[PDB]
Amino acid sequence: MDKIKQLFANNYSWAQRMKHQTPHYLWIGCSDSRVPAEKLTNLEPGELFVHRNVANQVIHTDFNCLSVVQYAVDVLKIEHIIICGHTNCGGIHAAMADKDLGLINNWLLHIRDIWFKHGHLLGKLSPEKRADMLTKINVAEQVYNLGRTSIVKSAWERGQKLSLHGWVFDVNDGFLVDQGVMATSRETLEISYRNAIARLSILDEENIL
């Protein structure tokens, strides 16, 4: 409408004012996330192969995300896969609310499972800070999910060089923050994941219930 017309005009102004690339990372981010990964990481266009979904998930049986991972790893020979969460995540907030929002809630049930898996931790935390912790923990679980896929396990098994990263983008300072799960093998995945969960579980004393 007025909005579609302003989009076309903005595209035209941009194109006029401006006047092959091997991808080296697969980027899995969130549909809410507001700043684009290419801006954020200030890399040259085409360096990132990008999948975005709600709450940056790697669901075991999601054909969309799984096929993107298989194509990146087996076909494009991409050596780095990055899961990037972000602060003030609508998806995560959506997952925590009581509301039945319809079909999307079925997608967010995987986050709710991650909530209950870490319920003891999240339950010793004051209610108002749980959404920040869950965003962090979710990134860690998605890297773990990624490292458990048949695709990633097979790539590692045949000696293909492949690393998995889990970061959170904080808009309040523009920095990427490593959540500590970083895998180059099934063994490093296990140790790194367990270490990260343990580190995340040390709560700041001023919000312990």
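Counting begins at 1, following the sequence as shown.
Enquirer: Which wins on mean Cα temperature factor, 30-38 or 64-72?
Expert: Going by the record's values, the stretch with the higher mean is 30-38.
Enquirer: Where do the C-alpha atoms have the higher mean temperature factor in this entry, in 105-113 or in 91-99?
Expert: 91-99 has the higher mean C-alpha B-factor.
Enquirer: Splitting the chain's C-alpha B-factors into thirds, which one does residue 118 fall into?
Expert: It falls in the top third of the chain.
Enquirer: Test of reading the entry: by CA B factor among the chain's modelled residues, which third contains residue 81?
Expert: As the PDB entry reports it, the C-alpha B-factor of residue 81 lands in the lowest third of its chain.
Enquirer: Quick check on the deposited entry: does the C-alpha B-factor of residue 7 sit in the lowest, middle or highest third of its chain?
Expert: CA B-factor rank for residue 7: lowest third.
Enquirer: For the chain shown, is the CA B-factor of residue 59 in the lowest, middle or highest third of its modelled residues?
Expert: For residue 59, whose C-alpha B-factor we compare with every modelled residue in the chain, the answer is the lowest third.
Enquirer: Ranked by Cα temperature factor within the chain, is residue 198 in the lowest third, the middle third or the highest third?
Expert: According to the entry, residue 198 has a C-alpha B-factor in the chain's middle third.
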